[PDB]
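Alright, here's a single protein chain in two forms, structure 1 and structure 2, each given by itself as structure tokens.
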Structure 1
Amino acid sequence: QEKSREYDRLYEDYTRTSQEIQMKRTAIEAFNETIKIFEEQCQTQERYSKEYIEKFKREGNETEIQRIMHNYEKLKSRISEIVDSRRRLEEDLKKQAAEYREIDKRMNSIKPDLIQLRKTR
């Protein structure tokens, strides 16, 4: 009975952590898919800007070139923001998965004890 009050409380943390972990896993999945899209955007920038950079270089129009650069820099900086936001989540997931293991280790110590008592009682 004493151990049943805590095993039941422990399972309540096992279940939440499991839910929360599955959420983080799909958020990381969404971050990868977001990162892939932004990378795909850079390939699109190089493809189109190639013939504009080329014309302006053959024209000494250093501003219009630096203008195409400032926007590419913005796009590039944003990919760093997303990659660093994904890493922050990755390490949070790692910390939580470490917790749902220690919740488990705790449970698999109480569970064989509780089983012996229910039989005795």
Structure 2
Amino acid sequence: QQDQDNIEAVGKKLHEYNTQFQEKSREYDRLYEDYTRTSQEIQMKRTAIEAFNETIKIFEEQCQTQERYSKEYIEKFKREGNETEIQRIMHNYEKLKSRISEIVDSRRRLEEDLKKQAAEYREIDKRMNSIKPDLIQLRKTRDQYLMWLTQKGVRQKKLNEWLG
């Protein structure tokens, strides 16, 4: 009316399924370290890029200043003969511009790494999501076999030696 193997044989399988569980648990926990670690490394890159923007912003304010400030000034060095003081100002500005190119290049390099690390994150999260169903099924099997042997009346000491 209610539709829903020897004890030693079911105990042998309880040993196996608990082992296969504990292996899979240790595996998922390794990935969850990587997930949490990489989540932190990505946030560090996401604010380091902000620090690159805010630096590159400040260098560009300097360029704006260099042009506004020199425009109203440099006409005096032209009419008063100093071609050399003009050329000093301009070289010093090309030296500024040249430096921005390094900072932009290093921002590009970081942006490349965070592109790679975002792909790693998603891959780690994907591999966790193909371990979850195995893990949960091994949990529930392990628990079914315990329930079976308990009902059959197996001593608590015997179940403990099978569990690890």
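Just so we're on the same page, residue numbers count up from 1 along structure 1's sequence. We call the rigid core whatever largest set of C-alpha positions still superposes within 1.5 Å between the two forms.
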Fit the core first: which of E51, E91, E33, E46 then shifts its CA by 2 Å or more between the two structures?
-> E51
Once the rigid core is superposed, tell me how far the Cα of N71 moves between the two structures, in Å to one decimal.
-> 0.7
To one decimal place, what C-alpha displacement in Å is found for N61 between the two structures with the rigid core superposed?
-> 2.4
